[PDB]
Amino acid sequence: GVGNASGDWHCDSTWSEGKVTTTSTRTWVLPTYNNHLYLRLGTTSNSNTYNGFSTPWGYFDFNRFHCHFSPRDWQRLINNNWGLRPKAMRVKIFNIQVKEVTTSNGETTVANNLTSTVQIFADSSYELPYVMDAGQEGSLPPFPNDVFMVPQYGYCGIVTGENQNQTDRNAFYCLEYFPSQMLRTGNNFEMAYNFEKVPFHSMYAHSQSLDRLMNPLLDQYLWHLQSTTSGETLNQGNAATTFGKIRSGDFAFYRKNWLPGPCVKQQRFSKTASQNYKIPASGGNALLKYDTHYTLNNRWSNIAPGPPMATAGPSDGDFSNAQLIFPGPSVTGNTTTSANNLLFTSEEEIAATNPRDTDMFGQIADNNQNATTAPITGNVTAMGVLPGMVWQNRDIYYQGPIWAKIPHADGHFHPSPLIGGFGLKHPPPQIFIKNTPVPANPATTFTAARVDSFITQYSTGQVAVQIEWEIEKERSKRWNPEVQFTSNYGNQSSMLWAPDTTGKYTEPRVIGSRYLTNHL
Amino acid sequence: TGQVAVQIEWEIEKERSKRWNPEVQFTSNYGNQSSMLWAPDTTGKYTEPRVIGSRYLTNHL
Amino acid sequence: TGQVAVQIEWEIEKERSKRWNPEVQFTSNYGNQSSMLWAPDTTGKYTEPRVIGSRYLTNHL
Amino acid sequence: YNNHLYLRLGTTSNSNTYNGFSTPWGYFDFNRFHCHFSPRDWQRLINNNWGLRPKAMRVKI
Ligand SMILES: Nc1ncnc2c1ncn2[C@H]1C[C@H](O)[C@@H](COP(=O)(O)O)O1
């Protein structure tokens, strides 16, 4: 009925010995996009050209972690458990209120239209292109008491060449072609979903460095050739070759059982403006050209933080493109001069297992040495996976995405979003929503032309998302106290992680999940 | 104003031909287009490109 | 000399796409031919005209 | 073949050298696709289904 609420606002976290369940609700506003029509989209810009469509529909996105975890909760989670992975989810939209706007002259009036319908469907079948997954605004806001605007749905189409235009292959997906539920106030929508078994994300830092796992005290039983000649001078000395049983201490020489990492090199820049070479953002030598990129169908796509690699700590004066950058509290606009106002994610913790972003993978003999010809070593920058390699994935972040859909392709290797998160073949479905059109008074004599005059409307209501996370406690045997993340903030005039006098809420730092320790 | 919904159940019969050589079939074959065919455009307008019949498959007398 | 007979049972999966605009499909499209294609000819010779793949249908990532 | 006898085989050419044997036996091979699909059939298959994979086989001479 019109008079009855169709759902209660509950946001909660319930913790278990084995599983924690998060639940949060938010209020949303839904405009009328593109005055009700699908629009072709395309621009051709050389290293950017793209093509696609913009839709009258909007969608709900809960892909950021902070959507379901209050800071404290996130804390609880990461200081206590080694791994976590999502198990099941369920969503419900309710208290739909459709508003109609009179828009008188000078003043715009708004009043409820009780008999109006907003339509929601979610598609399981994954027939619509998935977009919820990468790098984008629209997720519910972290702070509960913040109303948000449902994002408009638009999708990309395959672009052939450096020039944007469409081939027969390009396709059009029309949301109205799908069956969807129609609601009015007093109507509600609900759906459930079960995640697929997925590797627990590792929420620990290695307490051992891969290269040396051996017993410091003993020495291998293998021998290596130590020197072709005597002395410490490169090209002089007595001819004889000498072999020696690998002894305790010459660890760098120990034959090991594993190779540390897959790797792609990244350019490095210094946070101090002064240190960098001059590089423009446009023109023949715009930065893009010098930053590690992957050429695809004639178009440079700059590699996103790439195959997981070690990166300078957050405080460090140098930073690489490999690390993710978050706004930070103080920044006002879209652009800023000093990087002291930004937040940098860093994977120092990964260093124990795999190569550094700005440094190389290693160096290989790139030549066959000989008495008359000197040995030459080649610098290796790109290294595909090799038998016996072991690496760590990029960590997840409080404000980082949670899942991402694994491309529907013949081949994929070690799916783990590179931006961080769990790779799913069938990820939480995008739930679409749109305000049904309505018509302005219409002409008395019939005209075939499609109607174009519509009443102005917008809707609002609350959505509630609940996720059941499966986690695993630590159970370590380490004796010395671990590192844990605790605020440690100095005396503050207006406390952190809280709304302020203005009433504004902003997240102070970016937070990872690897504080606990574990050995290899 | 309101919505109407129409559902029709069509009975069809597959081909089952013994012809060896590949048939003609209707496929778009449209050239590179600035704004793809059979789809809404930037203006947001939708219009049908060609008139289409139903006789592409072959059968003998 | 003798005959051999081979039978294979293939498992296939229909498309089930939600794309609106007509797909590309492979249809002959051959021009008027003096001796039709994909068929034996006056000499009595049989030869395949083009090499044919299997990817004509579309699907998103 | 080979008047009934197995023969050693080898040539040494620098980027080709090879070694092996030639047998009096012969074998049946149905590894090309067109062996089991008439053009039309191949057409039917590819314009309608997303994927395919072989399930079982049986032969008789
Ligand atoms: N996040 C995520 N989603 C899906 N699949 C993933 C993920 N991380 C790793 N993998 C895959 C990569 C290999 O297919 C497999 C190896 O199992 P392992 O047990 O890791 O040796 O696990």
# chains A, B, ... in the order shown; residues from 1 in each chain; ligands from 1

$ residues_around --residues "segment 24-34 of chain C" --least-positions-apart "2" --cutoff "6 Å" --atoms "only C-alpha atoms" --output "JSON, numbers by chain"
{"B": [24, 25, 27, 28], "C": [36, 56], "D": [47]}

$ write_last_selection --atoms "N, CA and C atoms" --output "PDB file, in the first residue's frame"
ATOM      1  N   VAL B  24      22.515 -18.605 -49.156  1.00  0.00           N
ATOM      2  CA  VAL B  24      22.669 -17.167 -49.055  1.00  0.00           C
ATOM      3  C   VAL B  24      21.988 -16.884 -47.753  1.00  0.00           C
ATOM      4  N   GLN B  25      22.476 -15.958 -47.020  1.00  0.00           N
ATOM      5  CA  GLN B  25      21.810 -15.703 -45.792  1.00  0.00           C
ATOM      6  C   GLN B  25      21.858 -14.226 -45.563  1.00  0.00           C
ATOM      7  N   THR B  27      22.889 -11.145 -43.657  1.00  0.00           N
ATOM      8  CA  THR B  27      23.879 -10.766 -42.698  1.00  0.00           C
ATOM      9  C   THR B  27      24.033  -9.360 -43.006  1.00  0.00           C
ATOM     10  N   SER B  28      24.482  -8.544 -42.071  1.00  0.00           N
ATOM     11  CA  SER B  28      24.474  -7.133 -42.363  1.00  0.00           C
ATOM     12  C   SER B  28      25.345  -6.667 -43.517  1.00  0.00           C
TER      13      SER B  28
ATOM     14  N   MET C  36      28.989 -22.423 -61.116  1.00  0.00           N
ATOM     15  CA  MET C  36      28.772 -22.163 -59.703  1.00  0.00           C
ATOM     16  C   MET C  36      29.860 -22.662 -58.786  1.00  0.00           C
ATOM     17  N   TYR C  56      31.775 -15.874 -36.865  1.00  0.00           N
ATOM     18  CA  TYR C  56      30.980 -14.871 -37.540  1.00  0.00           C
ATOM     19  C   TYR C  56      30.054 -14.277 -36.494  1.00  0.00           C
TER      20      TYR C  56
ATOM     21  N   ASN D  47      26.915 -20.170 -38.167  1.00  0.00           N
ATOM     22  CA  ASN D  47      26.081 -18.975 -38.100  1.00  0.00           C
ATOM     23  C   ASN D  47      25.134 -19.039 -36.935  1.00  0.00           C
TER      24      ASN D  47
END

$ interface_residues --of "chain D" --to "chain C" --cutoff "9 Å" --atoms "only C-alpha atoms" --output "PyMOL selection string"
chain D and resi 28+30+36+39+42-43+45-61

$ write_last_selection --atoms "C-alpha atoms" --output "mmCIF file, in the first residue's frame"
data_model
loop_
_atom_site.group_PDB
_atom_site.id
_atom_site.type_symbol
_atom_site.label_atom_id
_atom_site.label_comp_id
_atom_site.auth_asym_id
_atom_site.auth_seq_id
_atom_site.Cartn_x
_atom_site.Cartn_y
_atom_site.Cartn_z
ATOM 1 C CA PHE D 28 43.335 -43.718 -41.983
ATOM 2 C CA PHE D 30 40.036 -37.992 -40.587
ATOM 3 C CA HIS D 36 32.697 -34.532 -41.701
ATOM 4 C CA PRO D 39 29.878 -26.778 -46.700
ATOM 5 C CA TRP D 42 29.606 -25.989 -41.698
ATOM 6 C CA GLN D 43 27.563 -22.892 -42.472
ATOM 7 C CA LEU D 45 27.023 -24.728 -37.529
ATOM 8 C CA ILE D 46 28.906 -21.441 -37.488
ATOM 9 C CA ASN D 47 26.081 -18.975 -38.100
ATOM 10 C CA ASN D 48 24.133 -20.377 -35.185
ATOM 11 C CA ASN D 49 26.275 -21.601 -32.336
ATOM 12 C CA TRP D 50 28.795 -19.998 -30.062
ATOM 13 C CA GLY D 51 30.840 -23.020 -29.269
ATOM 14 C CA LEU D 52 31.372 -26.592 -30.337
ATOM 15 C CA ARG D 53 33.459 -29.510 -29.171
ATOM 16 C CA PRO D 54 33.625 -33.137 -30.265
ATOM 17 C CA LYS D 55 32.146 -35.772 -27.960
ATOM 18 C CA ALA D 56 32.410 -39.254 -29.408
ATOM 19 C CA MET D 57 33.457 -41.193 -32.476
ATOM 20 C CA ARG D 58 33.126 -44.553 -34.171
ATOM 21 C CA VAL D 59 34.673 -45.974 -37.322
ATOM 22 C CA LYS D 60 34.175 -49.015 -39.492
ATOM 23 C CA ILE D 61 35.953 -50.451 -42.530
#

$ residues_near_ligand --ligand "ligand 1" --cutoff "9 Å" --atoms "only C-alpha atoms and all ligand atoms" --output "ChimeraX atom specification"
/A:197-201,393,403-404,406,412-417,420-425

$ atom_distance --atom1 "atom CA of residue 397 of chain A" --atom2 "atom CA of residue 65 of chain A"
7.3 Å

$ residues_around --residues "residue 66 of chain A" --least-positions-apart "4" --cutoff "6 Å" --atoms "only C-alpha atoms" --output "list in words"
residues 142, 398 and 399 of chain A

$ write_last_selection --atoms "N, CA, C and O atoms" --output "PDB file, in the first residue's frame"
ATOM      1  N   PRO A 142      30.806   5.677   1.440  1.00  0.00           N
ATOM      2  CA  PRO A 142      31.248   4.993   2.648  1.00  0.00           C
ATOM      3  C   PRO A 142      30.425   5.361   3.877  1.00  0.00           C
ATOM      4  O   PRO A 142      29.905   4.486   4.558  1.00  0.00           O
ATOM      5  N   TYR A 398      40.974  -0.683   1.727  1.00  0.00           N
ATOM      6  CA  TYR A 398      39.708  -0.283   2.314  1.00  0.00           C
ATOM      7  C   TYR A 398      38.811   0.398   1.301  1.00  0.00           C
ATOM      8  O   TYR A 398      37.614   0.150   1.264  1.00  0.00           O
ATOM      9  N   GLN A 399      39.387   1.257   0.473  1.00  0.00           N
ATOM     10  CA  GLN A 399      38.598   1.947  -0.528  1.00  0.00           C
ATOM     11  C   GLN A 399      38.873   1.419  -1.916  1.00  0.00           C
ATOM     12  O   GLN A 399      38.614   2.105  -2.902  1.00  0.00           O
TER      13      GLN A 399
END

$ atom_distance --atom1 "atom CA of residue 188 of chain A" --atom2 "atom CA of residue 94 of chain A"
4.8 Å

$ interface_residues --of "chain A" --to "chain B" --cutoff "12 Å" --atoms "only C-alpha atoms" --output "CSV table (one decimal) with N, CA, C and O atoms, in the first residue's frame"
chain,number,residue,atom,x,y,z
A,34,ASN,N,19.4,11.3,-20.3
A,34,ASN,CA,19.2,11.5,-21.7
A,34,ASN,C,17.7,11.7,-22.1
A,34,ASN,O,17.3,11.2,-23.2
A,35,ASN,N,17.0,12.4,-21.3
A,35,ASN,CA,15.6,12.6,-21.7
A,35,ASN,C,15.0,11.4,-22.2
A,35,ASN,O,14.3,11.4,-23.3
A,36,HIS,N,15.2,10.2,-21.6
A,36,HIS,CA,14.7,8.9,-22.1
A,36,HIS,C,15.2,8.3,-23.3
A,36,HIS,O,14.5,7.5,-23.9
A,37,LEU,N,16.3,8.7,-23.9
A,37,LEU,CA,16.7,8.0,-25.1
A,37,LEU,C,18.2,7.5,-25.1
A,37,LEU,O,19.1,8.1,-24.5
A,38,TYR,N,18.4,6.4,-25.8
A,38,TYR,CA,19.7,5.9,-26.0
A,38,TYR,C,20.4,6.7,-27.0
A,38,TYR,O,19.7,7.1,-28.0
A,39,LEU,N,21.6,7.1,-26.7
A,39,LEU,CA,22.4,7.9,-27.6
A,39,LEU,C,23.7,7.2,-28.1
A,39,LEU,O,24.5,6.7,-27.3
A,40,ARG,N,24.0,7.3,-29.4
A,40,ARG,CA,25.2,6.7,-29.9
A,40,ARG,C,26.3,7.5,-29.2
A,40,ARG,O,26.2,8.7,-29.1
A,41,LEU,N,27.5,6.9,-29.0
A,41,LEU,CA,28.6,7.7,-28.5
A,41,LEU,C,29.9,7.4,-29.3
A,41,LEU,O,30.3,6.3,-29.3
A,42,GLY,N,30.6,8.4,-29.7
A,42,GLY,CA,32.0,8.2,-30.1
A,42,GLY,C,32.8,9.4,-30.3
A,42,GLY,O,32.3,10.4,-30.9
A,43,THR,N,34.1,9.4,-29.9
A,43,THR,CA,35.0,10.4,-30.3
A,43,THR,C,36.1,9.7,-30.9
A,43,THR,O,36.7,8.9,-30.2
A,44,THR,N,36.7,10.2,-32.0
A,44,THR,CA,38.1,9.7,-32.3
A,44,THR,C,39.3,10.7,-31.9
A,44,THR,O,39.6,11.6,-32.8
A,51,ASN,N,34.2,4.1,-28.7
A,51,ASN,CA,32.9,4.2,-29.3
A,51,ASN,C,32.0,3.4,-28.4
A,51,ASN,O,32.4,2.5,-27.6
A,52,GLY,N,30.7,3.8,-28.4
A,52,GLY,CA,29.8,3.1,-27.5
A,52,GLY,C,28.4,3.8,-27.4
A,52,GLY,O,28.0,4.5,-28.4
A,53,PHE,N,27.7,3.6,-26.3
A,53,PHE,CA,26.3,4.1,-26.2
A,53,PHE,C,26.1,4.6,-24.7
A,53,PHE,O,26.7,4.0,-23.8
A,54,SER,N,25.2,5.5,-24.6
A,54,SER,CA,24.8,6.0,-23.2
A,54,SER,C,23.3,5.6,-23.1
A,54,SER,O,22.5,5.8,-23.9
A,55,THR,N,23.0,5.1,-21.9
A,55,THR,CA,21.7,4.6,-21.7
A,55,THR,C,20.8,5.4,-20.7
A,55,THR,O,21.3,6.1,-19.9
A,56,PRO,N,19.5,5.3,-20.8
A,56,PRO,CA,18.5,6.0,-20.0
A,56,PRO,C,18.5,5.3,-18.6
A,56,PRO,O,17.9,5.9,-17.7
A,115,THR,N,1.0,7.3,-8.5
A,115,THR,CA,0.9,6.2,-9.5
A,115,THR,C,2.0,6.3,-10.5
A,115,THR,O,1.7,6.3,-11.7
A,116,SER,N,3.2,6.1,-10.2
A,116,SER,CA,4.3,6.1,-11.2
A,116,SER,C,5.2,5.0,-11.0
A,116,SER,O,5.3,4.6,-9.8
A,117,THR,N,5.8,4.4,-12.0
A,117,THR,CA,6.5,3.2,-11.9
A,117,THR,C,8.0,3.3,-12.3
A,117,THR,O,8.3,3.9,-13.3
A,157,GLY,N,32.0,0.0,-26.9
A,157,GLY,CA,31.9,-1.0,-28.0
A,157,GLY,C,33.3,-1.1,-28.5
A,157,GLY,O,34.2,-0.2,-28.4
A,158,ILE,N,33.6,-2.3,-29.1
A,158,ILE,CA,34.9,-2.6,-29.7
A,158,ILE,C,35.3,-1.6,-30.8
A,158,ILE,O,34.6,-1.4,-31.8
A,159,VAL,N,36.5,-1.0,-30.6
A,159,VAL,CA,37.0,0.0,-31.6
A,159,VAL,C,38.1,-0.6,-32.4
A,159,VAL,O,39.1,-1.1,-31.9
A,160,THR,N,37.9,-0.6,-33.7
A,160,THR,CA,38.9,-1.2,-34.6
A,160,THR,C,39.7,0.0,-35.1
A,160,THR,O,39.2,1.0,-35.5
A,161,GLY,N,41.1,-0.2,-35.0
A,161,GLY,CA,42.0,0.8,-35.5
A,161,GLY,C,42.2,2.0,-34.5
A,161,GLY,O,41.7,2.0,-33.4
A,163,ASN,N,41.2,4.9,-35.5
A,163,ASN,CA,40.1,5.7,-35.8
A,163,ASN,C,38.8,5.1,-35.2
A,163,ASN,O,38.6,3.9,-35.4
A,164,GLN,N,38.0,5.9,-34.6
A,164,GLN,CA,36.7,5.4,-34.1
A,164,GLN,C,35.7,5.4,-35.2
A,164,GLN,O,35.5,6.4,-35.9
A,165,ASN,N,35.0,4.3,-35.3
A,165,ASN,CA,33.9,4.1,-36.3
A,165,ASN,C,33.5,2.7,-36.0
A,165,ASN,O,34.2,2.0,-35.2
A,166,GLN,N,32.4,2.3,-36.5
A,166,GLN,CA,31.9,1.0,-36.2
A,166,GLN,C,31.9,0.0,-37.3
A,166,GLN,O,31.8,0.4,-38.5
A,167,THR,N,32.1,-1.3,-37.0
A,167,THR,CA,32.1,-2.3,-38.0
A,167,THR,C,30.9,-3.1,-37.7
A,167,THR,O,30.1,-2.8,-36.8
A,168,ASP,N,30.6,-4.0,-38.6
A,168,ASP,CA,29.4,-4.8,-38.4
A,168,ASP,C,29.5,-5.5,-37.1
A,168,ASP,O,28.5,-5.6,-36.3
A,169,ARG,N,30.7,-5.9,-36.7
A,169,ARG,CA,30.9,-6.5,-35.4
A,169,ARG,C,30.3,-5.7,-34.2
A,169,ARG,O,29.7,-6.3,-33.3
A,170,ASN,N,30.5,-4.4,-34.2
A,170,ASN,CA,29.9,-3.6,-33.1
A,170,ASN,C,28.5,-4.0,-32.9
A,170,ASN,O,27.7,-4.2,-33.8
A,171,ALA,N,28.1,-4.0,-31.6
A,171,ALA,CA,26.7,-4.4,-31.3
A,171,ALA,C,26.0,-3.4,-30.4
A,171,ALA,O,26.6,-2.6,-29.7
A,172,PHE,N,24.7,-3.5,-30.4
A,172,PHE,CA,23.8,-2.6,-29.6
A,172,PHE,C,23.0,-3.4,-28.7
A,172,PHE,O,22.3,-4.3,-29.1
A,173,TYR,N,23.1,-3.1,-27.4
A,173,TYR,CA,22.3,-3.8,-26.4
A,173,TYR,C,21.2,-2.8,-25.9
A,173,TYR,O,21.5,-1.8,-25.3
A,174,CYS,N,19.9,-3.2,-26.0
A,174,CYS,CA,18.8,-2.3,-25.6
A,174,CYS,C,18.2,-2.9,-24.3
A,174,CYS,O,17.4,-3.8,-24.4
A,179,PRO,N,13.2,-8.4,-19.7
A,179,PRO,CA,12.0,-8.3,-18.8
A,179,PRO,C,12.5,-7.8,-17.5
A,179,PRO,O,13.5,-8.2,-17.0
A,182,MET,N,8.3,-4.0,-12.4
A,182,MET,CA,7.8,-2.7,-12.3
A,182,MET,C,7.3,-2.4,-10.9
A,182,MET,O,6.4,-3.1,-10.4
A,436,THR,N,10.2,5.0,-15.3
A,436,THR,CA,9.3,4.8,-16.4
A,436,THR,C,8.9,6.2,-16.9
A,436,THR,O,8.7,7.1,-16.2
A,437,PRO,N,8.8,6.3,-18.3
A,437,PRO,CA,8.4,7.6,-18.9
A,437,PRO,C,7.0,7.9,-18.6
A,437,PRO,O,6.2,7.0,-18.4
A,438,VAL,N,6.7,9.1,-18.7
A,438,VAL,CA,5.3,9.5,-18.6
A,438,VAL,C,5.2,10.7,-19.6
A,438,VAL,O,6.1,11.3,-20.0
A,439,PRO,N,3.9,10.9,-20.0
A,439,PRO,CA,3.7,11.9,-21.1
A,439,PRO,C,2.9,13.1,-20.8
A,439,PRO,O,1.8,13.1,-20.1
A,440,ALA,N,3.4,14.2,-21.3
A,440,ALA,CA,2.9,15.5,-21.1
A,440,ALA,C,1.6,15.4,-21.9
A,440,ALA,O,1.3,14.4,-22.6
A,441,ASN,N,0.8,16.4,-21.8
A,441,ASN,CA,-0.5,16.4,-22.4
A,441,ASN,C,-0.1,16.2,-23.8
A,441,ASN,O,0.9,16.7,-24.2
A,442,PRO,N,-0.9,15.5,-24.5
A,442,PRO,CA,-0.6,15.1,-25.9
A,442,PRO,C,-1.7,15.6,-26.8
A,442,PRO,O,-2.8,15.8,-26.4
A,449,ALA,N,4.5,10.0,-35.3
A,449,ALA,CA,5.8,10.3,-34.7
A,449,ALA,C,5.9,9.9,-33.2
A,449,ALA,O,4.9,10.1,-32.5
A,450,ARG,N,7.0,9.3,-32.8
A,450,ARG,CA,7.1,8.9,-31.4
A,450,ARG,C,6.9,10.1,-30.5
A,450,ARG,O,7.4,11.2,-30.8
A,451,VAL,N,6.3,9.9,-29.4
A,451,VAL,CA,6.0,11.0,-28.5
A,451,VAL,C,7.3,11.5,-27.9
A,451,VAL,O,8.2,10.7,-27.7
A,452,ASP,N,7.5,12.8,-27.7
A,452,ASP,CA,8.7,13.4,-27.2
A,452,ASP,C,8.5,14.3,-26.0
A,452,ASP,O,9.4,14.8,-25.4
A,454,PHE,N,7.6,14.8,-22.4
A,454,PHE,CA,7.4,14.1,-21.1
A,454,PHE,C,7.4,14.9,-19.9
A,454,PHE,O,8.0,15.9,-19.8
A,455,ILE,N,6.6,14.4,-18.9
A,455,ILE,CA,6.5,15.1,-17.6
A,455,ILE,C,7.9,14.9,-17.0
A,455,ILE,O,8.5,13.8,-17.2
